[PDB]
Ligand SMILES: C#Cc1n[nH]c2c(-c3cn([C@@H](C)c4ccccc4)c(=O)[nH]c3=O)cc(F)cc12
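Let's start with one chain on its own, the form solved without this ligand, as structure tokens.
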């Protein structure tokens, strides 16, 4: 029931965020066309003046400090511009602290559900291509000193051109611990680095080549027995070698995302789209 007067915001911040703000005359939220809802708020189809967007409606913010943190995150995220990173089209902050986050619409949804869908017919080349795109997006994010912390196929989106966008970060968080994607040292210390993102990226590559099986179909104990994820049936040997490098027990010895983009670009280039990938019978329906 808390009232908030947004004129209490620091004028310098309000001026600084103006380039991120979308006016009400520029946005139609299609309220009867819901993409998804839950504790995070709600996601609707939108039109931005026309361009098809997803509009996340957040829970009301009634503290000026929290509003200011939201606006600041908007300014920062606006400049995280890269072809393989989900962009922020803009924000709105209506009366009584009712926020909207406006994102590009992703025709093909998240990458995990996309590859799992039996009516889709990916090749090895396609799946490696998706992984390469994710590596490019992560190379960018790492260059901004940004650590994702939940890199996974479910947190990447796919647009109408089959371009992968690394998502679930910044103001695009909460649109729907991840121990099975975490590096050993993160399991042990709760600390995340770009090198622990590289570990997660190896698991994401495994998700791609299995067409979205759950990893390890108790994890610290299991890993410390001397174990890794098994080579997927359709995973090329050089790509499995890259996965093992991503899971190096020494964080400093893992490849950088720059090295990953280089290595995977080379592997990708050798394929011509001849090899169709199918699910492993022992992984189908496993949660």
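Residue numbers count along the first chain shown, from 1.
Absent from the display: the form solved in complex with this ligand. The rest refers to it.
The binding site of this unliganded chain is blocked: after this ligand is superimposed from its pose in the deposited bound form, three or more of its atoms come within 2.4 Å of the backbone or C-beta atoms.
The listed set 115, 209, 198, 77 contains one residue whose heavy atoms approach this ligand in the deposited bound form to within 4.5 Å, identified as 77. Of the candidates 213, 166, 203, 124, 166 is the one whose heavy atoms come within 4.5 Å of this ligand in the deposited bound form; the others do not. Stretch 58 to 66 is the contacting one of 24 to 32, 229 to 237, 245 to 253, 58 to 66, since its residues have non-hydrogen atoms within 4.5 Å of this ligand in the deposited bound form.
This ligand is not drawn, but in the deposited bound form it has no heavy atom within 4.5 Å of residue 192. This ligand is not drawn, but in the deposited bound form it has a heavy atom within 4.5 Å of residue 87. Remark: residue 94 does not count among the residues lining this ligand in the deposited bound form, judged by a heavy atom distance of 4.5 Å or less. The shortest heavy atom separation between residue 144 and this ligand in the deposited bound form exceeds 4.5 Å. Contact check at 4.5 Å (heavy atoms) against this ligand in the deposited bound form: none of 139, 162 and 264 pass.
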